[PDB]
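target17.txt follows; it contains compact mmCIF, N, CA and C atoms.
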# COMPACT_ATOMS: atom_id res chain seq x y z
N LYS A 535 1.84 21.29 17.04
CA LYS A 535 1.42 20.02 17.63
C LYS A 535 0.57 20.27 18.87
N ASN A 536 -0.26 19.27 19.18
CA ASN A 536 -1.11 19.20 20.39
C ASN A 536 -2.09 20.37 20.48
N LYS A 537 -2.55 20.87 19.34
CA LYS A 537 -3.53 21.94 19.29
C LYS A 537 -4.53 21.66 18.17
N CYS A 538 -5.74 22.17 18.34
CA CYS A 538 -6.79 22.03 17.33
C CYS A 538 -6.48 22.99 16.19
N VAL A 539 -5.87 22.46 15.12
CA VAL A 539 -5.39 23.28 14.02
C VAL A 539 -6.18 22.98 12.76
N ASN A 540 -5.91 23.72 11.69
CA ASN A 540 -6.52 23.51 10.38
C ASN A 540 -5.43 22.95 9.47
N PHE A 541 -5.33 21.62 9.43
CA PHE A 541 -4.28 20.97 8.67
C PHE A 541 -4.65 20.90 7.19
N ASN A 542 -3.61 20.82 6.35
CA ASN A 542 -3.79 20.72 4.90
C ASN A 542 -2.61 19.93 4.35
N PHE A 543 -2.80 18.63 4.14
CA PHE A 543 -1.76 17.74 3.63
C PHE A 543 -2.24 17.15 2.31
N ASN A 544 -1.53 17.48 1.23
CA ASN A 544 -1.79 16.99 -0.13
C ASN A 544 -3.20 17.33 -0.60
N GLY A 545 -3.65 18.55 -0.29
CA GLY A 545 -4.96 18.99 -0.73
C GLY A 545 -6.12 18.47 0.08
N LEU A 546 -5.87 17.91 1.26
CA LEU A 546 -6.92 17.38 2.13
C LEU A 546 -7.15 18.36 3.27
N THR A 547 -8.29 19.04 3.24
CA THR A 547 -8.63 20.02 4.27
C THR A 547 -9.43 19.36 5.39
N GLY A 548 -9.39 19.99 6.55
CA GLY A 548 -10.10 19.48 7.71
C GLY A 548 -9.56 20.08 8.98
N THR A 549 -10.30 19.85 10.06
CA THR A 549 -9.97 20.36 11.38
C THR A 549 -9.60 19.19 12.29
N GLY A 550 -8.38 19.22 12.82
CA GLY A 550 -7.92 18.15 13.68
C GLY A 550 -6.69 18.58 14.46
N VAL A 551 -6.18 17.64 15.26
CA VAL A 551 -5.01 17.85 16.10
C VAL A 551 -3.89 16.97 15.57
N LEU A 552 -2.73 17.58 15.30
CA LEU A 552 -1.56 16.86 14.81
C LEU A 552 -0.77 16.33 16.00
N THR A 553 -0.88 15.03 16.24
CA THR A 553 -0.19 14.38 17.35
C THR A 553 0.80 13.35 16.82
N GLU A 554 1.61 12.82 17.73
CA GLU A 554 2.60 11.80 17.41
C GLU A 554 2.17 10.47 18.02
N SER A 555 2.11 9.44 17.19
CA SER A 555 1.70 8.11 17.61
C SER A 555 2.90 7.16 17.58
N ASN A 556 2.63 5.89 17.88
CA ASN A 556 3.65 4.85 17.90
C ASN A 556 3.62 3.98 16.65
N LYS A 557 2.93 4.42 15.59
CA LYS A 557 2.84 3.65 14.36
C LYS A 557 4.12 3.83 13.55
N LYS A 558 4.78 2.72 13.23
CA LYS A 558 5.99 2.74 12.41
C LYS A 558 5.60 3.03 10.97
N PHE A 559 5.93 4.23 10.49
CA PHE A 559 5.55 4.63 9.14
C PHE A 559 6.47 3.98 8.12
N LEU A 560 5.88 3.25 7.17
CA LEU A 560 6.65 2.65 6.10
C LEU A 560 7.08 3.72 5.10
N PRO A 561 8.24 3.55 4.45
CA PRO A 561 8.77 4.61 3.58
C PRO A 561 7.98 4.84 2.30
N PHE A 562 7.07 3.94 1.91
CA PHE A 562 6.26 4.15 0.72
C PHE A 562 4.86 4.68 1.04
N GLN A 563 4.40 4.54 2.27
CA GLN A 563 3.06 4.99 2.65
C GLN A 563 3.05 6.50 2.81
N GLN A 564 2.14 7.17 2.10
CA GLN A 564 1.99 8.61 2.20
C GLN A 564 0.92 9.01 3.21
N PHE A 565 -0.22 8.33 3.19
CA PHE A 565 -1.30 8.61 4.13
C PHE A 565 -2.08 7.33 4.39
N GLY A 566 -2.49 7.14 5.63
CA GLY A 566 -3.24 5.96 6.03
C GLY A 566 -4.63 6.34 6.51
N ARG A 567 -5.62 5.57 6.07
CA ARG A 567 -7.01 5.82 6.42
C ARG A 567 -7.46 4.91 7.56
N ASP A 568 -8.40 5.40 8.36
CA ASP A 568 -8.94 4.65 9.48
C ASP A 568 -10.17 3.87 9.03
N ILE A 569 -10.90 3.29 10.00
CA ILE A 569 -12.12 2.55 9.69
C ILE A 569 -13.32 3.47 9.50
N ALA A 570 -13.20 4.75 9.86
CA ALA A 570 -14.28 5.71 9.72
C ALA A 570 -14.22 6.48 8.41
N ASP A 571 -13.57 5.92 7.38
CA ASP A 571 -13.43 6.49 6.04
C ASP A 571 -12.76 7.86 6.05
N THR A 572 -11.85 8.08 7.00
CA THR A 572 -11.08 9.31 7.10
C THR A 572 -9.61 8.98 7.30
N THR A 573 -8.76 9.92 6.91
CA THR A 573 -7.31 9.74 7.01
C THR A 573 -6.89 9.84 8.47
N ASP A 574 -6.29 8.77 9.00
CA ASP A 574 -5.89 8.75 10.40
C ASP A 574 -4.50 9.33 10.61
N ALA A 575 -3.62 9.21 9.61
CA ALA A 575 -2.25 9.69 9.75
C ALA A 575 -1.70 10.06 8.38
N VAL A 576 -0.89 11.12 8.34
CA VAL A 576 -0.25 11.56 7.11
C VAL A 576 1.26 11.52 7.29
N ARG A 577 1.99 11.85 6.23
CA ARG A 577 3.45 11.87 6.26
C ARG A 577 3.94 13.19 5.67
N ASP A 578 4.84 13.85 6.37
CA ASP A 578 5.42 15.10 5.89
C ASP A 578 6.44 14.80 4.80
N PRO A 579 6.24 15.30 3.57
CA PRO A 579 7.21 15.01 2.50
C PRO A 579 8.52 15.77 2.64
N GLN A 580 8.58 16.82 3.46
CA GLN A 580 9.84 17.53 3.66
C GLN A 580 10.78 16.73 4.55
N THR A 581 10.28 16.24 5.69
CA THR A 581 11.07 15.45 6.62
C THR A 581 10.23 14.28 7.09
N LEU A 582 10.79 13.07 7.00
CA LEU A 582 10.08 11.86 7.40
C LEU A 582 9.97 11.82 8.92
N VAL D 729 -31.06 -4.69 30.05
CA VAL D 729 -31.73 -3.56 30.68
C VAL D 729 -31.57 -2.31 29.82
N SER D 730 -30.33 -1.89 29.60
CA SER D 730 -30.03 -0.66 28.89
C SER D 730 -29.20 -0.96 27.64
N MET D 731 -28.91 0.09 26.88
CA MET D 731 -28.11 0.00 25.66
C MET D 731 -26.97 1.01 25.74
N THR D 732 -26.25 1.15 24.63
CA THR D 732 -25.14 2.09 24.53
C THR D 732 -25.67 3.45 24.09
N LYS D 733 -25.42 4.47 24.92
CA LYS D 733 -25.88 5.82 24.63
C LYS D 733 -24.97 6.44 23.58
N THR D 734 -25.51 6.66 22.38
CA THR D 734 -24.76 7.26 21.28
C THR D 734 -25.70 8.15 20.49
N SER D 735 -25.43 9.46 20.50
CA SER D 735 -26.24 10.44 19.78
C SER D 735 -25.51 10.82 18.50
N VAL D 736 -26.02 10.35 17.37
CA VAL D 736 -25.42 10.64 16.07
C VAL D 736 -25.91 12.00 15.59
N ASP D 737 -24.98 12.93 15.40
CA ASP D 737 -25.33 14.27 14.93
C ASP D 737 -25.47 14.28 13.41
N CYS D 738 -26.30 15.19 12.92
CA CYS D 738 -26.50 15.36 11.49
C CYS D 738 -25.84 16.62 10.93
N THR D 739 -25.01 17.30 11.71
CA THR D 739 -24.29 18.48 11.25
C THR D 739 -22.83 18.18 10.93
N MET D 740 -22.11 17.54 11.86
CA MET D 740 -20.71 17.22 11.64
C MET D 740 -20.55 15.99 10.75
N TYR D 741 -21.48 15.04 10.85
CA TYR D 741 -21.37 13.80 10.08
C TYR D 741 -21.67 14.03 8.61
N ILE D 742 -22.69 14.84 8.30
CA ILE D 742 -23.02 15.12 6.91
C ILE D 742 -22.05 16.13 6.32
N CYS D 743 -21.83 17.24 7.01
CA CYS D 743 -20.93 18.31 6.56
C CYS D 743 -19.70 18.30 7.46
N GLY D 744 -18.62 17.67 6.99
CA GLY D 744 -17.39 17.62 7.75
C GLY D 744 -16.46 18.78 7.46
N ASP D 745 -16.49 19.79 8.34
CA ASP D 745 -15.65 20.99 8.27
C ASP D 745 -15.83 21.74 6.95
N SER D 746 -17.07 22.12 6.66
CA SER D 746 -17.41 22.82 5.43
C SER D 746 -18.38 23.95 5.73
N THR D 747 -18.28 25.03 4.95
CA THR D 747 -19.14 26.19 5.11
C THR D 747 -20.32 26.19 4.14
N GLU D 748 -20.06 25.89 2.86
CA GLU D 748 -21.12 25.88 1.87
C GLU D 748 -22.02 24.65 1.97
N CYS D 749 -21.59 23.62 2.69
CA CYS D 749 -22.42 22.44 2.89
C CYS D 749 -23.59 22.72 3.82
N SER D 750 -23.41 23.64 4.78
CA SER D 750 -24.48 23.96 5.72
C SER D 750 -25.57 24.81 5.09
N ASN D 751 -25.29 25.48 3.97
CA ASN D 751 -26.31 26.28 3.31
C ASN D 751 -27.34 25.40 2.60
N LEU D 752 -26.90 24.27 2.04
CA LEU D 752 -27.83 23.35 1.39
C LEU D 752 -28.52 22.43 2.38
N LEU D 753 -27.97 22.27 3.59
CA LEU D 753 -28.61 21.42 4.59
C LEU D 753 -29.83 22.09 5.20
N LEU D 754 -29.79 23.41 5.37
CA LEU D 754 -30.92 24.14 5.94
C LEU D 754 -32.07 24.34 4.96
N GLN D 755 -31.85 24.07 3.67
CA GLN D 755 -32.93 24.20 2.70
C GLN D 755 -33.94 23.07 2.80
N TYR D 756 -33.55 21.93 3.38
CA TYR D 756 -34.49 20.83 3.58
C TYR D 756 -35.44 21.07 4.74
N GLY D 757 -35.11 22.00 5.64
CA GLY D 757 -35.99 22.33 6.74
C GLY D 757 -35.49 21.87 8.09
N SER D 758 -36.37 21.26 8.87
CA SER D 758 -36.06 20.81 10.23
C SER D 758 -35.78 19.31 10.29
N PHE D 759 -35.12 18.76 9.27
CA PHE D 759 -34.80 17.34 9.27
C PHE D 759 -33.72 17.01 10.29
N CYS D 760 -32.69 17.85 10.39
CA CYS D 760 -31.68 17.67 11.42
C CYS D 760 -32.18 18.08 12.80
N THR D 761 -33.21 18.91 12.88
CA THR D 761 -33.79 19.28 14.17
C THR D 761 -34.59 18.14 14.77
N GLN D 762 -35.40 17.45 13.96
CA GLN D 762 -36.22 16.36 14.47
C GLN D 762 -35.43 15.08 14.71
N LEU D 763 -34.26 14.93 14.09
CA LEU D 763 -33.43 13.75 14.35
C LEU D 763 -32.59 13.92 15.61
N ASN D 764 -32.11 15.13 15.88
CA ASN D 764 -31.38 15.38 17.12
C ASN D 764 -32.32 15.40 18.32
N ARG D 765 -33.58 15.78 18.11
CA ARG D 765 -34.56 15.77 19.19
C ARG D 765 -35.00 14.35 19.51
N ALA D 766 -35.09 13.49 18.49
CA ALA D 766 -35.51 12.11 18.72
C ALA D 766 -34.41 11.29 19.38
N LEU D 767 -33.16 11.49 18.96
CA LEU D 767 -32.04 10.76 19.55
C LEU D 767 -31.70 11.26 20.95
N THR D 768 -32.10 12.48 21.30
CA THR D 768 -31.93 12.95 22.67
C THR D 768 -32.87 12.21 23.62
N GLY D 769 -34.10 11.94 23.17
CA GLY D 769 -35.05 11.19 23.97
C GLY D 769 -34.70 9.73 24.15
N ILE D 770 -33.86 9.18 23.27
CA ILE D 770 -33.38 7.81 23.45
C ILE D 770 -32.44 7.73 24.65
N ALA D 771 -31.61 8.76 24.84
CA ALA D 771 -30.71 8.80 26.00
C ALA D 771 -31.47 8.97 27.30
N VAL D 772 -32.63 9.64 27.27
CA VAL D 772 -33.49 9.69 28.44
C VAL D 772 -34.22 8.36 28.62
N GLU D 773 -34.49 7.66 27.50
CA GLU D 773 -35.19 6.39 27.57
C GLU D 773 -34.31 5.29 28.15
N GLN D 774 -33.02 5.29 27.80
CA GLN D 774 -32.10 4.29 28.33
C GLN D 774 -31.77 4.53 29.80
N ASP D 775 -31.91 5.77 30.28
CA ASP D 775 -31.70 6.07 31.69
C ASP D 775 -32.96 5.88 32.52
N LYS D 776 -34.14 6.02 31.91
CA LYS D 776 -35.38 5.80 32.64
C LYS D 776 -35.64 4.32 32.87

Just give me the structure of the file as structure tokens.
Amino acid sequence: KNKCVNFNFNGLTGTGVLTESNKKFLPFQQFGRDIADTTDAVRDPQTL
Amino acid sequence: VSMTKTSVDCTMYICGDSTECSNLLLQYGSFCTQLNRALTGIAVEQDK
């Protein structure tokens, strides 16, 4: 967390920082996209 | 009087965290060079 890492969630590659937000994640949502046509937040399938 | 200074890059926006994408971008020539040079002069234009 809090570092410029190379994340890979469900086959989605990219360079970003994994941070913690205040968005209440719904139990059915796996990944949410932003207005810039990119995934803004993902969900860890091992631990919610 | 002035506008919002925003320089849109043609490297990160076209090729988002990719290596083989930059090889095909340089085959077109100086298209990304002349667009970054033109948008740099807009930021000098809004300050002048």

Closest atom pairs, residues of chain A within 8 Å of chain D, all atoms listed in the file, as a tab-separated table:
residue	atom	partner	partner_atom	distance
A:547	C	D:745	C	7.0
A:548	CA	D:745	CA	5.8
A:549	N	D:745	CA	5.8

Just-selected residues, N, CA and C atoms written as a compact mmCIF listing (two decimals), in the frame of the given file:
# COMPACT_ATOMS: atom_id res chain seq x y z
N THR A 547 -8.29 19.04 3.24
CA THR A 547 -8.63 20.02 4.27
C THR A 547 -9.43 19.36 5.39
N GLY A 548 -9.39 19.99 6.55
CA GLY A 548 -10.10 19.48 7.71
C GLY A 548 -9.56 20.08 8.98
N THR A 549 -10.30 19.85 10.06
CA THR A 549 -9.97 20.36 11.38
C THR A 549 -9.60 19.19 12.29

**Report entry** DSSP strand (DSSP E or B) residues within chain A, listed as JSON, numbers by chain
**Finding:** {"A": [538, 539, 540, 541, 542, 543, 546, 547, 548, 549, 550, 551, 565, 566, 567, 573, 574, 575, 576]}

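Straight-line separation from CA of residue 556 in chain A to atom N of residue 574 in chain A: 13.9 Å.
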
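The coordinates place CA of residue 742 in chain D at 16.1 Å from CA of residue 767 in chain D.
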
**Report entry** Computed interatomic separation between atom C of residue 560 in chain A and atom N of residue 545 in chain A (Å)
**Finding:** 19.1 Å

**Report entry** Residues within 9 Å of residue 730 in chain D, only C-alpha atoms, excluding chain neighbours under 3 positions, as a list in words
**Finding:**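 Those residues are residues 733, 773, 774 and 775 of chain D.
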
Could you pull out the residues in chain D that DSSP calls alpha helix (DSSP H) from the backbone, as a CSV table (one decimal) with N, CA and C atoms, keeping the file's coordinate frame?
chain,number,residue,atom,x,y,z
D,749,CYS,N,-21.6,23.6,2.7
D,749,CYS,CA,-22.4,22.4,2.9
D,749,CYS,C,-23.6,22.7,3.8
D,750,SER,N,-23.4,23.6,4.8
D,750,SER,CA,-24.5,24.0,5.7
D,750,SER,C,-25.6,24.8,5.1
D,751,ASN,N,-25.3,25.5,4.0
D,751,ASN,CA,-26.3,26.3,3.3
D,751,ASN,C,-27.3,25.4,2.6
D,752,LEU,N,-26.9,24.3,2.0
D,752,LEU,CA,-27.8,23.4,1.4
D,752,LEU,C,-28.5,22.4,2.4
D,753,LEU,N,-28.0,22.3,3.6
D,753,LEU,CA,-28.6,21.4,4.6
D,753,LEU,C,-29.8,22.1,5.2
D,759,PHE,N,-35.1,18.8,9.3
D,759,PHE,CA,-34.8,17.3,9.3
D,759,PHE,C,-33.7,17.0,10.3
D,760,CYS,N,-32.7,17.8,10.4
D,760,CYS,CA,-31.7,17.7,11.4
D,760,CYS,C,-32.2,18.1,12.8
D,761,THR,N,-33.2,18.9,12.9
D,761,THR,CA,-33.8,19.3,14.2
D,761,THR,C,-34.6,18.1,14.8
D,762,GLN,N,-35.4,17.4,14.0
D,762,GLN,CA,-36.2,16.4,14.5
D,762,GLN,C,-35.4,15.1,14.7
D,763,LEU,N,-34.3,14.9,14.1
D,763,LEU,CA,-33.4,13.8,14.4
D,763,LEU,C,-32.6,13.9,15.6
D,764,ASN,N,-32.1,15.1,15.9
D,764,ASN,CA,-31.4,15.4,17.1
D,764,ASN,C,-32.3,15.4,18.3
D,765,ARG,N,-33.6,15.8,18.1
D,765,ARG,CA,-34.6,15.8,19.2
D,765,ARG,C,-35.0,14.4,19.5
D,766,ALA,N,-35.1,13.5,18.5
D,766,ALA,CA,-35.5,12.1,18.7
D,766,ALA,C,-34.4,11.3,19.4
D,767,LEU,N,-33.2,11.5,19.0
D,767,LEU,CA,-32.0,10.8,19.6
D,767,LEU,C,-31.7,11.3,21.0
D,768,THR,N,-32.1,12.5,21.3
D,768,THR,CA,-31.9,13.0,22.7
D,768,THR,C,-32.9,12.2,23.6
D,769,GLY,N,-34.1,11.9,23.2
D,769,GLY,CA,-35.0,11.2,24.0
D,769,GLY,C,-34.7,9.7,24.2
D,770,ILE,N,-33.9,9.2,23.3
D,770,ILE,CA,-33.4,7.8,23.4
D,770,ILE,C,-32.4,7.7,24.6
D,771,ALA,N,-31.6,8.8,24.8
D,771,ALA,CA,-30.7,8.8,26.0
D,771,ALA,C,-31.5,9.0,27.3
D,772,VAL,N,-32.6,9.6,27.3
D,772,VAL,CA,-33.5,9.7,28.4
D,772,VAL,C,-34.2,8.4,28.6
D,773,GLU,N,-34.5,7.7,27.5
D,773,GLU,CA,-35.2,6.4,27.6
D,773,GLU,C,-34.3,5.3,28.2
D,774,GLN,N,-33.0,5.3,27.8
D,774,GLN,CA,-32.1,4.3,28.3
D,774,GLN,C,-31.8,4.5,29.8
D,775,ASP,N,-31.9,5.8,30.3
D,775,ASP,CA,-31.7,6.1,31.7
D,775,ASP,C,-33.0,5.9,32.5

Might I get the box with edges along x, y and z of the file that holds all atoms of range 561-569 of chain A listed there, padded by 8 Å on every side, given as centre and edge lengths in Å to one decimal, as AutoDock Vina command-line options?
--center_x -2.3 --center_y 5.8 --center_z 5.4 --size_x 38.1 --size_y 22.5 --size_z 25.3

Query raised in the report: If we count only C-alpha atoms, what is near residue 557 in chain A at a cut-off of 12 Å, once residues fewer than 5 positions away on the same chain are taken out, given as a list in words?
Result: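 Counting only C-alpha atoms, the residues come to residues 563, 566, 574, 575, 576 and 577 of chain A.
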
**Report entry** Near-residue 735 in chain D list (8 Å; only N, CA and C atoms; drop same-chain fewer than 5 positions) as a PyMOL selection string
**Finding:** chain D and resi 764+767-768+771

Please, can range 559-575 of chain A be completed to N, CA, C and O atoms and returned as a JSON list (two decimals), in the coordinates of the input?
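Result saved to out_16.json:
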[["chain", "number", "residue", "atom", "x", "y", "z"],
["A", 559, "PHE", "N", 5.93, 4.23, 10.49],
["A", 559, "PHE", "CA", 5.55, 4.63, 9.14],
["A", 559, "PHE", "C", 6.47, 3.98, 8.12],
["A", 559, "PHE", "O", 7.70, 4.14, 8.18],
["A", 560, "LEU", "N", 5.88, 3.25, 7.17],
["A", 560, "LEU", "CA", 6.65, 2.65, 6.10],
["A", 560, "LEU", "C", 7.08, 3.72, 5.10],
["A", 560, "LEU", "O", 6.38, 4.73, 4.92],
["A", 561, "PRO", "N", 8.24, 3.55, 4.45],
["A", 561, "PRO", "CA", 8.77, 4.61, 3.58],
["A", 561, "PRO", "C", 7.98, 4.84, 2.30],
["A", 561, "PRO", "O", 8.20, 5.87, 1.64],
["A", 562, "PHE", "N", 7.07, 3.94, 1.91],
["A", 562, "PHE", "CA", 6.26, 4.15, 0.72],
["A", 562, "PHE", "C", 4.86, 4.68, 1.04],
["A", 562, "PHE", "O", 4.20, 5.21, 0.13],
["A", 563, "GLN", "N", 4.40, 4.54, 2.27],
["A", 563, "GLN", "CA", 3.06, 4.99, 2.65],
["A", 563, "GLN", "C", 3.05, 6.50, 2.81],
["A", 563, "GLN", "O", 3.85, 7.06, 3.57],
["A", 564, "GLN", "N", 2.14, 7.17, 2.10],
["A", 564, "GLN", "CA", 1.99, 8.61, 2.20],
["A", 564, "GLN", "C", 0.92, 9.01, 3.21],
["A", 564, "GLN", "O", 1.13, 9.93, 4.00],
["A", 565, "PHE", "N", -0.22, 8.33, 3.19],
["A", 565, "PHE", "CA", -1.30, 8.61, 4.13],
["A", 565, "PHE", "C", -2.08, 7.33, 4.39],
["A", 565, "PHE", "O", -2.29, 6.53, 3.47],
["A", 566, "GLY", "N", -2.49, 7.14, 5.63],
["A", 566, "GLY", "CA", -3.24, 5.96, 6.03],
["A", 566, "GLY", "C", -4.63, 6.34, 6.51],
["A", 566, "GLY", "O", -4.79, 7.31, 7.25],
["A", 567, "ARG", "N", -5.62, 5.57, 6.07],
["A", 567, "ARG", "CA", -7.01, 5.82, 6.42],
["A", 567, "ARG", "C", -7.46, 4.91, 7.56],
["A", 567, "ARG", "O", -6.95, 3.79, 7.72],
["A", 568, "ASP", "N", -8.40, 5.40, 8.36],
["A", 568, "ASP", "CA", -8.94, 4.65, 9.48],
["A", 568, "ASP", "C", -10.17, 3.87, 9.03],
["A", 568, "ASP", "O", -10.49, 3.78, 7.84],
["A", 569, "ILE", "N", -10.90, 3.29, 10.00],
["A", 569, "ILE", "CA", -12.12, 2.55, 9.69],
["A", 569, "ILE", "C", -13.32, 3.47, 9.50],
["A", 569, "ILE", "O", -14.36, 3.02, 9.00],
["A", 570, "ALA", "N", -13.20, 4.75, 9.86],
["A", 570, "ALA", "CA", -14.28, 5.71, 9.72],
["A", 570, "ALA", "C", -14.22, 6.48, 8.41],
["A", 570, "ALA", "O", -14.76, 7.60, 8.34],
["A", 571, "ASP", "N", -13.57, 5.92, 7.38],
["A", 571, "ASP", "CA", -13.43, 6.49, 6.04],
["A", 571, "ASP", "C", -12.76, 7.86, 6.05],
["A", 571, "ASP", "O", -13.05, 8.72, 5.22],
["A", 572, "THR", "N", -11.85, 8.08, 7.00],
["A", 572, "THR", "CA", -11.08, 9.31, 7.10],
["A", 572, "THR", "C", -9.61, 8.98, 7.30],
["A", 572, "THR", "O", -9.26, 7.91, 7.79],
["A", 573, "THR", "N", -8.76, 9.92, 6.91],
["A", 573, "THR", "CA", -7.31, 9.74, 7.01],
["A", 573, "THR", "C", -6.89, 9.84, 8.47],
["A", 573, "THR", "O", -7.09, 10.88, 9.12],
["A", 574, "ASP", "N", -6.29, 8.77, 9.00],
["A", 574, "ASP", "CA", -5.89, 8.75, 10.40],
["A", 574, "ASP", "C", -4.50, 9.33, 10.61],
["A", 574, "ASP", "O", -4.22, 9.88, 11.67],
["A", 575, "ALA", "N", -3.62, 9.21, 9.61],
["A", 575, "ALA", "CA", -2.25, 9.69, 9.75],
["A", 575, "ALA", "C", -1.70, 10.06, 8.38],
["A", 575, "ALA", "O", -2.01, 9.40, 7.38]]
